[PDB]
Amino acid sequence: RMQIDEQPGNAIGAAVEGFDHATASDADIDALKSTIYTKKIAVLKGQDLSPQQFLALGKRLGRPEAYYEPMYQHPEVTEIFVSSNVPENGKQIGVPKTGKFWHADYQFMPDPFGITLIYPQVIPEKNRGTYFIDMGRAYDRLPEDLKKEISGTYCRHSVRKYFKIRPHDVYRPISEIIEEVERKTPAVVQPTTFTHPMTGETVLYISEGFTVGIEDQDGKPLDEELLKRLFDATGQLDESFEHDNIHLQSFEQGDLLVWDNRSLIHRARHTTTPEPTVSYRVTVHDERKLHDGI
C-alpha cells in the first residue's frame, strides 16, 4: 500500500512506494496530489503498466488531454504522448528527441494543465534524466529590483520556435507551415507571475523555449533584454547546468514521474551518442485552472 517518502525540508521531490493505481483509495490520490503540489516531483516506484493502464493512472489524477498534434499520439491510446527514436515494426511511433529546451508543458496554449506524468519505457544508459527548475523558488531568489521591474507585466508565449515538422509538411514551402502554426496556435498572453492556486506561491511563468515577449500592464512592449535577464537569473541560459536552481532528476526502470506543471519548467538531456530512448507522457487537468485568472 502507498507510502510517500518526502525529501526533507525544502529539498525537491518525493519517492512513492507501493502505489497501484487500480486499487489506490481516494485519500491516497489526494495525498499524492498534495505531495505533487508541495514537493513538485513525485517518483512512483516499481510501475509496470500497459499503455491503457498508464492512462487509467492519469485519469485517477484528473482529466487527461491529448496533445493537439496527432503525430505525437500513441497509436492505441490517443491521450499518450510518445517521445521515441525506436521504430516499432519499422514505423516511427511518436516523435524523436522531444522537449530539448526549457519549457512548461502547454505554456503556449490558452489553458495549460496542472500535472504532467512521464513513464520512461526505454532508458538510455548515459545522459539519463530530465532537468527541472522550480520557478516559484526561482522567483523568490530574484534580485528585488528584477521583481519590481516585472511587477504587473504580461508575457506572450508561442510554440513557434520549437514546432516540429510533420511528415505531410515535406515539399511544402516553409512560410506556409509558419503561417499554419500562427493560425492554429497564436501566441497567448499570461501575467508574468501568478499565484499558484493550490499552494499560494508566486510563480514566475516564463521559459526560454516558449516565452517570446514581455509587455507592461498598458500593453506596451518592453525590450526583450528584460526576458534575457530573467532567463539568465533563473538558470535557463547556463549551458553547463551547474546553476543553483537546476535540479537533475534521474530515474530507473519502473519509475514514473509526476510533477507540478504550474511551478516547474523542464528540459530533456542531450545525448552525445545515439542511444534508444522512449518515454510515454500523459497530461491532466486538475481541479483548478493554471491560475485563478483563467
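So that the term is clear: the rigid core is the largest set of C-alpha atoms that superpose within 1.5 Å between two forms. The numbering used is simple: start at 1 and walk along the sequence shown.
When the other structures are laid on the shown form by the rigid core, the stretch among 246-254 and 263-271 with the greater C-alpha deviation in 6 other deposited structures of this protein turns out to be 263-271. Between 13-21 and 272-280, the larger root mean square Cα shift in 6 other deposited structures of this protein, once each structure is superposed on the rigid core, falls on 272-280. Of the two segments examined, 265-273 and 252-260, it is 265-273 that shows the higher average Cα temperature factor in the deposited entry.
Mean CA temperature factor is higher for 18-26 when stretches 277-285 and 18-26 are set side by side in the entry. In the PDB entry, the Cα temperature factor peaks, among 190, 116, 83, 89, at 89. Looking at 169, 145, 105, 224, the one whose CA carries the top B-factor in the deposited record is 145. Per the PDB record, residue ranking by Cα B-factor puts residue 164 in the lowest third of the chain. Ranked by Cα temperature factor within the chain, residue 141 sits in the highest third according to the deposited record. Ranked against the other modelled residues of its chain, the C-alpha B-factor of residue 76 as given in the entry falls in the highest third. Remark: residue 239 belongs to the highest third of its chain, ranked by C-alpha B-factor as recorded. Per-chain ranking of the deposited C-alpha B factor places residue 181 in the middle third.
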